[PDB]
Number of protein chains: 4
Amino acid sequence: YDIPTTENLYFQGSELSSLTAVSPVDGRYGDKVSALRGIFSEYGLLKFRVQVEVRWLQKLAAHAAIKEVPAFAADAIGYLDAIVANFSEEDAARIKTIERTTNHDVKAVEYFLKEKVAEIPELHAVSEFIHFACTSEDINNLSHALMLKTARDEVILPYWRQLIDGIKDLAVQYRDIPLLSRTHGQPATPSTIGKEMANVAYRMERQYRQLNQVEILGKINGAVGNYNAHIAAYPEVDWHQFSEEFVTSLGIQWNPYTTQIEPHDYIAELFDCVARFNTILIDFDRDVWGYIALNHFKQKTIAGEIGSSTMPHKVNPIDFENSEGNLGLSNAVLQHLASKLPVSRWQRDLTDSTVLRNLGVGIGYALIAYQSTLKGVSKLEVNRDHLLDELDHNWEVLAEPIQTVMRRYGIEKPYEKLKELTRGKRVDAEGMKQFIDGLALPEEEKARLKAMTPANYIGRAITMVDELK
Amino acid sequence: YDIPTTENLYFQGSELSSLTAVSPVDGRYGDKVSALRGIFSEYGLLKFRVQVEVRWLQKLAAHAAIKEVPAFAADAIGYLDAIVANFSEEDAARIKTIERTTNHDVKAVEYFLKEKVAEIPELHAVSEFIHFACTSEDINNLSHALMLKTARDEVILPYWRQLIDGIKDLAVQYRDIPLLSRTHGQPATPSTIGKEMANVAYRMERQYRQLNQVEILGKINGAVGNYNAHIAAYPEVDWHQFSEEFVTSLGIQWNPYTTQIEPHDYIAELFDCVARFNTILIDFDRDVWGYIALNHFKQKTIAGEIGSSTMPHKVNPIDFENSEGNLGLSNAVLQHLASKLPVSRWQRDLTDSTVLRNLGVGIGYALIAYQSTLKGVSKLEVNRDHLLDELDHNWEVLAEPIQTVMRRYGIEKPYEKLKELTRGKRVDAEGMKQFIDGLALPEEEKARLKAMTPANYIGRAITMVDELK
Amino acid sequence: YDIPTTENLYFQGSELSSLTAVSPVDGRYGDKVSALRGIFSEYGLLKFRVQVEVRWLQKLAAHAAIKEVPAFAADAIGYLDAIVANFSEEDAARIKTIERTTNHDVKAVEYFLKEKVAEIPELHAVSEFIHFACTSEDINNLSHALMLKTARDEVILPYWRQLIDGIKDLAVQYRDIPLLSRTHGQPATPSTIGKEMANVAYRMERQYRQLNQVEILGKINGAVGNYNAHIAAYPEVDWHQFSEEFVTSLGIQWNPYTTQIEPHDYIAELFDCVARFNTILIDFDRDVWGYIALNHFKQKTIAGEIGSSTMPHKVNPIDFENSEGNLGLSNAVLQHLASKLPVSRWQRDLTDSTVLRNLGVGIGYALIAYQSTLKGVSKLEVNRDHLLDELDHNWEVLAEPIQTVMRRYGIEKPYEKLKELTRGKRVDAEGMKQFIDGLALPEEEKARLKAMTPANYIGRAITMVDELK
Amino acid sequence: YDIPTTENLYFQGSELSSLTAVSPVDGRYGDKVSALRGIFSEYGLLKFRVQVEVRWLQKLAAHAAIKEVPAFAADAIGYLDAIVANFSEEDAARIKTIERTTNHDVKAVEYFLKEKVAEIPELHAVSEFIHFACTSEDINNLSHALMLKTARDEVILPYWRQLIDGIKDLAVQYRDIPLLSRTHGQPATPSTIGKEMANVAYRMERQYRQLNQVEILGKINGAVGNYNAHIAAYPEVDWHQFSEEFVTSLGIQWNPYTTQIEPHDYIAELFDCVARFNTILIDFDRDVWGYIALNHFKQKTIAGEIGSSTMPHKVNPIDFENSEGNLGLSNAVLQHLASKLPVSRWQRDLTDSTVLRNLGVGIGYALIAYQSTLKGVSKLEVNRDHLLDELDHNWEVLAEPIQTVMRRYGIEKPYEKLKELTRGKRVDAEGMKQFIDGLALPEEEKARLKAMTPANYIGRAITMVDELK
Ligand code: NA
Ligand code: NA
Ligand code: NA
Ligand code: NA
Ligand code: NA
Ligand code: NA
Ligand code: NA
Ligand code: NA
């Protein structure tokens with residue numbers, strides 16, 4: 001005479017919103033990462049598991065040697081396909097309710113699917129072939145592979161393209177604007193703003209190419225990697241071929257040698273590459289913050305906006321700073337996953353399950369940063385007057401070309417002579433010209449050196465920018 | 001003739017729930033971290049900023065030399081106090097709406113508060129003293145200090161206490177249960193299960209003590225740390241004393257030397273300590289996973305629960321594994337914050353703002369782990385039959401006490417003789433006894449050695465457990 | 001009337017030996033890393049800088065448009081080549097002595113080379129073309145590229161090959177030896193020892209391939225990347241072509257877009273890949289330590305060797321443990337370099353110079369680990385008697401194939417029925433057979449299930465091993 | 001008829017010098033870390049193990065209940081003490097030679113000591129009491145504790161004191177020199193150079209205090225922590241008291257609850273604190289590099305020194321950059337040790353042995369950085385002319401005090417009015433004065449505001465500096 005009790009209730013209260021979320025990835029920045037909610041959330045994971053389970057059953061049906069699962073009629077195929085396509089938050093809630101009993105999420109998916117097909121006698125007939133011979137990780141690893149492939153193609157690389165193109169566009173806009181370079185933070189041989197942008201774009205494109213080349217791997221092969229259960233029931237089926245077909249049919253590259261888990265090395269490869277690109281963008285964010293500090297760039301201001309609570313005058317590079325901070329966090333999460341995921345005790349331990357729930361987290365921080373950098377870039381206005389005025393107060397940078405021309409034409413101790421003239425000393429255009437005048441150089445060379453200025457001492461910068469891409 | 005437009009709309013859709021959250025801290029494990037939503041979320045932060053701003057105004061009112069802010073009547077004090085106490089998600093939404101204009105969160109709080117007091121003429125009268133002389137970071141750093149102090153006292157240390165007490169309780173339960181120790185993974189000198197628990201408890205208590213000792217610091221001193229604006233308006237007020245009073249009135253310890261920001265070293269100290277404790281718990285989780293693998297512990301099973309999707313027999317230490325994975329993630333976030341927060345360019349850069357929104361994240365993962373370890377511990381059942389049977393097959397561990405007794409009584413080359421007998425060799429009780437019998441030892445010593453067994457060769461283990469705490 | 005003083009003395013005392021070295025990479029393990037001393041030490045770096053500087057001068061000589069550096073006679077070519085080939089520790093000491101004056105290592109190399117060619121009037125004649133138009137980083141980045149290429153081809157990949165081959169050899173040796181698998185540390189579906197080795201080998205080969213594919217990059221282009229000085233002196237020479245020719249002539253891949261430094265992204269790519277391989281080897285070291293703990297492997301013992309200071313019986317997996325610890329350290333250094341090197345302020349800051357002196361350190365720890373794993377592997381002896389005896393006490397692992405066969409043949413609730421029989425329960429061969437006997441299965445299937453044993457329930461393990469490579 | 005062979009030769013060649021060392025800690029910077037060679041090298045470790053072993057024997061001799069080790073005569077005490085005091089590299093070489101046989105370093109120390117006392121019949125008589133009841137880790141953990149205590153007191157804290165005092169000295173030198181502050185890299189409320197130094201000094205002193213407070217722990221208690229062997233041989237001796245006495249007699253704090261190893265949590269505490277201090281110094285190095293870039297500081301130049309291979313004019317902050325890079329490396333090593341050392345499998349695994357050989361490495365990098373920062377500081381010369389000229393071009397920073405004074409005196413919308421005047425706009429002294437003139441403020445307040453300048457708008461900066469320490 002057991003009476004109704006509610007230990008199994010799965011209740012989503014009204015407590016969670018972007019205002020009360022602990023993580024800013026779902027809180028303050030929840031709107032910037034909305035693409036990931038369909039991919040890396042518990043809903044997204046459940047949805048991919050359902051897809052993989054349905055596809056597995058469908059392959060068993062279509063395989064001629066598995067006689068106990070007859071080929072499905074159009075009607076049946078459509079009902080299964082709709083389970084996948086129309087998978088809802090209510091469906092997810094059903095699975096969560098079942099898990100309150102099973103304390104096992106994939107077995108809950110299995111029981112959810114057995115409940116789903118109960119009313120269609122043709123599907124109900126093959127109900128015990130749902131999850132046939134599979135281990136939970138057969139379902140999970142393929143789900144994660146599909147999640148990462150989706151994220152890469154639909155979210156990550158499109159943002160990388162916007163950043164590369166945006167920075168390439170700064171290179172073009174500013175191709176011929178001279179810049180007093182800084183090495184060790186000190187005035188050095190001039191470049192152009194555009195050439196400094198070109199360098200970054202070039203670095204980013206290398207990683208873009210590498211991210212596309214990373215293999216996304218998947219496996220399907222039973223409890224510990226050897227098709228034991230498959231062969232026990234169907235010794236005459238070539239499960240090794242079946243596996244390769246199934247994985248590749250999902251658009252995933254096949255990993256034939258595994259334990260219970262797919263080993264996750266490809267995740268470390270994907271994430272090492274995202275992290276390199278993020279590091280390039282940290283470098284860019286910091287450099288631009290620095291060019292803004294030097295007044296080489298001004299930033300556009302927006303009506304109603306407030307720069308500082310106390311200092312009315314402030315216009316700050318806040319978008320680059322937000323980006324820089326989130327890329328740090330992204331990398332910290334990505335590095336942890338990359339280092340930790342590929343170590344699993346013996347034929348596996350379960351530490352990777354909770355950690356893999358965080359795939360979207362590391363990626364989330366990065367997406368938030370990408371959008372911020374993009375915002376900050378749209379506000380940049382180059383300060384040509386400042387750039388040129390600074391160059392015009394740094395005539396000592398012509399010590400290099402003077403000493404190099406002197407070397408060409410056999411003057412004794414050229415470097416040493418210019419060190420004497422300039423190191424720790426203020427020398428202006430007249431000072432540099434008088435020095436050139438006293439040199440034993442051919443007149444045409446003297447004329448060339450007297451015609452140089454810090455602002456035109458830019459070497460091949462403009463042509464480099466023109467040759468990019 | 002401007003017409004209504006909606007660029008300023010702050011709309012929270014119905015999109016976010018625990019099912020669709022990107023982070024499992026708000027998703028799968030959202031229910032385990034509900035305490036943090038009132039502390040570290042955007043709502044929690046806004047709520048503390050409001051408290052600090054209201055308290056600042058109240059101190060200006062109560063200070064006799066600030067004549068322009070007259071002392072508040074009971075009525076006024078109560079209205080301000082209710083703003084703080086009854087601060088709502090709708091209030092937070094007002095602040096977010098204002099931020100859509102200001103693009104500055106603390107100035108939005110200021111404008112929100114000016115709107116709030118507009119209808120009370122006594123408060124409206126001193127409206128321009130809201131945020132008086134303050135910089136945003138005066139408000140923020142004190143908010144974060146209050147958040148961390150709350151988390152420490154109300155959330156973190158209570159969980160640490162449950163774990164310490166729980167492990168101390170395993171020490172008591174199992175005080176006298178002999179264990180074949182393992183060093184380098186190999187059979188070694190016996191201990192007891194309880195003594196192995198005692199060691200862990202002792203380590204955890206050291207960190208508990210240290211976390212309580214960490215200073216939680218706060219400052220209030222204007223745009224760059226020097227009270228410039230305060231002194232400009234009120235040169236005769238001792239702002240240095242005012243600062244110390246205000247900070248300490250909030251229950252925070254005073255940091256008198258700062259730039260625009262509080263430097264965050266105390267956050268690194270708090271987090272380094274949480275990380276050490278988490279590392280001790282990783283060690284414990286891994287060791288218990290190992291004792292379960294060896295069958296020294298069985299785990300209780302629950303009706304309806306599923307151990308494996310394919311392997312019906314499985315009972316797995318899933319709670320320890322979940323804990324172990326989340327403690328890794330906790331530490332990775334905590335370490336990043338600890339290393340990054342205390343470096344800020346010149347009088348500050350804004351990278352710390354977005355990073356500090358993640359204080360609850362590192363703490364969230366740890367809380368999820370603490371609860372899991374606690375769950376896994378409640379399921380442990382010691383397997384005395386297995387422990388004793390293993391000891392009874394490892395008589396070679398008596399080589400140590402035999403050789404040490406031989407050393408006491410002047411027998412030549414004792415270690416070397418036992419190495420010869422036992423290293424790489426199987427020796428049972430009869431083999432060990434026959435060896436003892438052939439030794440030139442006093443009879444009472446021979447009798448003592450013949451009476452030892454691996455299971456009683458436990459030294460001072462039981463008394464150590466009894467002396468703990 | 002200045003008198004002799006000794007501020008410039010460069011004195012190498014007798015203080016440093018492997019016994020007194022602070023780092024164990026030069027101390028305790030100095031003999032394991034002797035290959036790196038010719039590559040990554042200050043001597044090795046100086047030697048490569050000298051090579052690059054000499055090669056630069058030689059290209060200027062051979063270029064028809066640089067008329068001021070006439071083509072070198074055979075005599076001259078040979079004297080320059082010998083400077084490079086016969087570069088000595090005394091030469092390095094000369095450079096260090098010069099640096100005591102210059103406080104600049106590359107300018108010291110330049111002055112060292114000007115001193116070296118002073119006695120050959122043909123070389124002395126073009127003395128001011130040593131380092132012509134170059135910046136220190138033109139010399140350094142190419143040196144580091146040559147160092148990394150040498151390390152990869154001569155040291156790293158050969159060790160990776162020994163490990164891959166060694167582990168593949170364990171796969172072959174042990175192909176058909178059944179193993180009770182462990183998932184979550186618990187008895188699971190059997191595999192073979194050889195198949196577990198095969199998985200690791202397969203993972204390692206993926207990284208081997210990737211390390212070979214990483215680009216090793218170099219640049220040469222003057223103070224800030226734009227050939228400014230080159231064009232100032234020789235505007236009619238195509239320096240962009242000259243650069244590509246020179247870099248590729250050294251066997252390095254060309255990086256055309258740089259600041260003063262080569263940006264170091266390729267170093268992060270090389271090191272991310274070494275780190276993934278090291279992580280795979282940590283996983284292997286830990287698993288083997290675990291198989292040794294379980295007594296699945298015994299280790300061979302050596303005459304005179306001591307297992308423990310106190311416990312005469314001990315034979316420990318010390319080589320795997322040494323490897324595991326050093327791979328941790330390797331990864332920590334490699335990760336730091338990978339994350340830090342590619343961020344450099346504006347056209348560069350000097351933080352990368354001291355950090356790049358540590359390239360050999362991260363690599364050193366890894367080499368020490370590789371040798372240790374190799375040593376530990378040479379000592380492994382499989383314990384077939386233990387492996388088989390364990391399998392024979394774990395008949396519950398046949399619950400999986402029984403339930404899967406039941407699913408094939410339409411028996412109701414197969415998983416649930418086996419969960420009832422086995423979860424948390426001891427069932428032996430007779431218990432499993434009696435259960436099978438009571439099942440409504442075709443006789444041939446019943447006979448197949450009654451003929452299975454944990455030791456033969458190994459699926460496709462043996463054929464997988466045979467198909468590897 | 002065995003013939004002489006040389007498998008046991010321990011040969012230190014002539015290969016290793018500072019020029020050929022792989023690590024720059026023994027190579028390029030070998031001279032900066034010479035203090036650590038007596039502490040953390042293999043020689044240093046061997047020397048401390050010898051000390052601990054000799055002290056253990058001496059306590060057994062002096063204990064009245066251990067009748068088999070008679071109290072030592074003065075002669076004997078002196079011979080043992082000299083073994084410790086006069087321990088040589090030849091002695092270390094003897095131990096290494098023995099290890100070629102034992103493959104066990106502590107047993108080699110034991111055999112080395114048995115050989116050492118063989119000629120003194122009184123010591124030879126108690127030869128089998130060398131290492132009595134001890135496990136290797138009893139000897140090792142106490143050695144490491146003594147190494148860390150020595151490093152802390154003799155090396156680390158003295159350098160921290162030099163840095164704190166040096167920075168405090170910059171605070172004094174520059175107390176009243178106004179600085180245009182930068183927040184988000186943008187011109188903000190002025191401070192003084194000295195006050196910016198004071199903040200850093202204050203942070204460093206907090207860590208200095210904390211490093212002194214960290215407990216340095218040690219244990220002595222046999223193979224697995226329970227005195228098993230001690231009690232087997234001497235059941236009537238109170239070993240728990242003996243342990244506490246012995247450890248504290250060495251000047252180490254007692255850790256009574258351990259496995260085979262001391263758990264290393266105190267090492268994580270020491271290293272977390274060094275890392276916080278190093279992070280404060282990274283912040284300082286970066287800020288000073290930035291003040292040098294802005295020309296707020298010039299650096300003194302030295303005769304003969306070279307700033308750049310190509311750019312004769314360069315004077316670079318190379319000492320701060322060297323420091324910054326080495327502090328990164330220090331922290332990476334320290335963090336790895338702190339995270340990894342306290343996790344050891346069951347009653348211990350041997351991964352900590354090789355890792356603990358690196359204690360001096362993390363500390364080495366830090367020492368190299370400390371010396372560099374000290375060098376760079378000795379070269380600083382403040383550029384008052386530049387600092388003041390910059391302030392005089394940044395009159396917009398007076399928007400803050402103007403708006404705050406306006407708030408005091410009830411002017412409508414003060415912040416908003418100053419935002420309108422200054423945000424994104426150039427306003428000079430005349431512009432600011434004309435704005436003040438038009439304000440409805442009391443004349444004395446108008447006069448105060450008209451008398452302010454960016455250079456005197458420094459609030460309480462000077463008094464703060466005066467109050468430091
Ligand atoms: Na079929
Ligand atoms: Na594994
Ligand atoms: Na008042
Ligand atoms: Na700072
Ligand atoms: Na030529
Ligand atoms: Na850069
Ligand atoms: Na005695
Ligand atoms: Na442990």
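Participant: I'd like a description of unusual backbone geometry, backed by residues and values.
Facilitator: Residue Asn-103 of chain A is not a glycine yet carries a positive backbone phi of 55°. Relative to the elements of secondary structure, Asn-103 of chain A occurs in the loop between helix 3 (89–102) and helix 4 (105–117). Despite not being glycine, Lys-413 of chain B shows a phi value in the positive range, around 50°. With respect to the helices and strands, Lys-413 of chain B occurs in the loop between helix 15 (399–408) and helix 16 (414–422).

Participant: Mind laying out the nonpolar core, listing which residues take part and the relevant values?
Facilitator: If you look at the biggest cluster of nonpolar residues, it comprises 619 residues, and the most contacted ones within it are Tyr-370 of chain A, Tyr-370 of chain B, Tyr-370 of chain C together with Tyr-370 of chain D. Apart from residues no more than four positions distant in its own chain, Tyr-370 of chain A is found in contact with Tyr-159, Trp-160, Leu-163, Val-274, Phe-277, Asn-278, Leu-281 and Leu-327 of chain A.

Participant: Please provide a residue-by-residue account of the interface of chain C and chain A, values included.
Facilitator: Facing the 98 residues of chain C at the interface are 98 residues of chain A. With both sides pooled, the region where chain C packs onto chain A buries about 8200 Å², and carbon together with sulfur makes up 52% of that total. Among the residues of chain C in contact with chain A, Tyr-257, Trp-346 and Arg-407 of chain C are the three that bury the most area, contributing 12% of the side total. Remark: the boundary between chain C and chain A carries 16 salt bridges. We note a salt bridge from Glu-128 of chain C to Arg-407 of chain A, for which the minimum N-O separation is 3.7 Å. Where chain C packs against chain A, one counts 54 residue pairs in polar contact. Broken down by element, the residue count for the side of chain C that touches chain A peaks at 13 residues, all from helix 10 (residues 265–293) of chain C. Residues of the side of chain C that touches chain A, tallied by class, amount to 43 nonpolar, 25 polar and 30 charged.

Participant: Any chance you could break down the relation of the copies chain A and chain B for me, citing the residues and the numbers?
Facilitator: Placing chain A over chain B gives an RMSD of 0.0 Å and needs a rotation angle of 180°, together with 0.0 Å of translation along the axis. Such a turn and shift between the copies fits a two-fold axis. A symmetric contact is evident, with 100% of the interface residues of chain A recurring at the interface of chain B.

Definitions and limits used
Residues numbered from 1 in each chain as written, not as in the entry; some residues may be left out. Chains lettered and ligands numbered in written order. Heavy atoms only, no water. Residues with missing side-chain atoms left out of burial classes, pairs and counts. Helix = DSSP H or I, 4+ residues; strand = E, 2+ residues; numbered from the N terminus. Core = buried A, V, L, I, M, F, W, Y, C linked by side-chain atoms within 4.5 Å. Buried < 20%, exposed > 50% of the residue type's maximum accessible area, 1.4 Å probe, protein only. Contact = heavy atoms within 4.5 Å. Buried area = accessible area lost by both parts, 1.4 Å probe. Salt bridge = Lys/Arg side-chain N within 4 Å of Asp/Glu carboxyl O. Polar contact = N/O pair within 3.5 Å; in protein donor to acceptor, adjacent residues only side chain to side chain. Nonpolar A, V, L, I, M, F, W, Y, C, P; charged D, E, K, R; others polar. Least-squares fit on C-alpha atoms.

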